[PDB]
Structures are given as structure tokens and as C-alpha cells.
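First, one chain by itself: the form deposited in one PDB entry, in C-alpha cells.
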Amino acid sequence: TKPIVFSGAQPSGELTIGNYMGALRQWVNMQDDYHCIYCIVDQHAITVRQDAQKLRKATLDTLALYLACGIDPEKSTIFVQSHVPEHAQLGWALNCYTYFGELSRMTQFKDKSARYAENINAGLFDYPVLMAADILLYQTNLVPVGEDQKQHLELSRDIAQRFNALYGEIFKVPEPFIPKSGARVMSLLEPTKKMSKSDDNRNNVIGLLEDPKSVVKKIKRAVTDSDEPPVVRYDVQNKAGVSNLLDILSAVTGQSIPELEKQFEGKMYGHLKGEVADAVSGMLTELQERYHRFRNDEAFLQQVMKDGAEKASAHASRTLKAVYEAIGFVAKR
């Protein structure tokens, strides 16, 4: 049996080139090498208040975007989190093996709490426990995420180790898979801030489903620096915007930063932004063409969700039965 890959994305906001380079790109590339399981985490999405029609549409948008990126339902398991009850069941059990202080110290809870002061809910606080359940159910070996999820992944490793120390080899201890390029794509007008899929200023983001003409304009207005002469060189501290543009270009083309710096010797930010705009515009045009063919095929989306929940439930039920036996529950008949 192949080692197992698991990862998820929220059907909230609009997925960006950041979500693609930090996660989805690795998801597509891992499908033959490993046994891959990819989840649309609708139960995590509702830790921020959603409109019911927007959430349902966004769940199906996210599924079609996975397929458009090249996630192949003949190679990978693709499913909607709420379709597998074992996620919530194991999540409750793992609350009892997680410390309050491990949750209160989380960067995501602190940032989200500041943004949504009127909805500091228990789900937002308990977010990392459900995510540990998502990973540990599938005997997961590798979790491809961006840098912002590292703290969450480290807690899932601590929970797995703590539970195993008491009860035996119930869980695998998962490892993060974080890319060398594109692990933390930054905002186009505030390159010290991560690119957000829920930004109130749309000019900060490159949306995967945004009009490529709109995206090219945003790239040309991306902030650079006051260097005289202008020089294309990677330096996050002193050249955050130029560095972020180089990181996006490297991630799209596969070229190294040193190769890009050599290609741009004697050139300035017009050549850099021209190449980033051309590469991103081409990628999004091809991606969106595949997207509409999947998004408007409800029979195919329905079949992928049915087959994926059936495959996930088989794995998850096996792990949950072992967890329930270990902690001392009377087994269900």
C-alpha cells in the first residue's frame, strides 16, 4: 500500500493563486506517487458566518476547481467533509486529548477573532481539533499545506503522539509537505500580508476564477520599491513586492529565482510584471476553460461526491472503530 496524502480547502471566499501554489499544485503532482485524499472542508468554513446559498454554491465551485486543477477522481479520493460523520465523531474524542492552552495560542484564532469580533465562536476556537480529526482518520503520512497551516499541523502531530502513547499505534504521525516556492504568496498592494481568499480589497488578490484581463491590470499595479536603479532581485526584507512577483513567476514557470534574476539582469519592473502577467493570464485562461466544463456538469459532480464519500467512509470508519475500542466505548452493533 502507498503512503497516504490528505489535505483540505474551505468552500468560503474565492481560492487564489496563493491557495494554488501553497497547496493545490502539490496535490495534483502527488496523485501517482502517493494515495491521495482531498477534502472540501465545509464544516471548517462555517467557523466564519456564511450565507446558506453562497456556502452551497462555493462547495460545488471548490469541487469543480479541484477537478480543473487536475485532481483526477480515478486516482484520488475527493469528498465533502460533512458527508463523513466520522470527522465530527473523532473531533469530539480528540477535544478530550487537546489542551485549552494549545488552542488559545493559535495564530489563526487570534487573527480571525480580531477580524470577526462580533462572531468569536467556539468552532473558531476549536478549529484545530476538527482539522487533527480530518488528518488522523485516514492514517495520513503527508499533509501538503501552505506555511500558514504549519502551527495547526504541529498540533495534529502532538495529538497523535499523545493518544498513541496511551493506547498503542492507533494513528500515524503526519508530516507537513510545504513547497520551497509559493508557500506564502503575499498581497499585491501590501506585500507584508499573506494573500487572503476573503480580502475586502480585491486589488490585493489573484483569484483563480477572476477575469484574466482584470488579473493582468492588478499585476501591473502591484507595489515594488524605490530602488534607483530599479533591480530585479529577491530580498523579502527590502524588496517585498518584487520578491513576491519573482516567487509567483518561479512557481508558475518552474524556473529558479537565480535563473529569473539572471534573465532580468539589465531589465526593470516592466519586464518582470510583463512576464508575471503573461504567465498567470495563460495559466488562468486554461484553468477556467476546464473549470466550466466540470462546474456545469452536475451529474459528474454528484458522482464524484458519492464515490469519494464512499471511499473516505471506508478508511475513516476503520480508524474510528479502533479509537472507540481504545478509549473504552461499547462498540456499536
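We call the rigid core whatever largest set of C-alpha positions still superposes within 1.5 Å between the two forms. Quick note: we count residues from 1 along the sequence shown, nothing fancier.
Although not depicted, the form deposited in another entry is the subject of the following passage.
- Just one residue from the list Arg49, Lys57, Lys306, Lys267 crosses the 2 Å line for C-alpha shift between the shown form and the other one on a rigid core fit, and it is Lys267.
- Positional change of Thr98 between the shown form and the other one stays under 2 Å at the C-alpha, relative to the superposed core.
- In a rigid-core overlay of the protein, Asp211 has its C-alpha displaced by at least 2 Å between the shown form and the other one.
- For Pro174, a C-alpha deviation below 2 angstroms is recorded between the shown form and the other one after rigid-core alignment.
- Between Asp51 and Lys194, the Cα distance is greater in the other form than in this structure, by no less than 3 angstroms.
- Legend note: Cα of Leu67 to Cα of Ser181 is at least 3 Å closer in the other form than in the depicted form.
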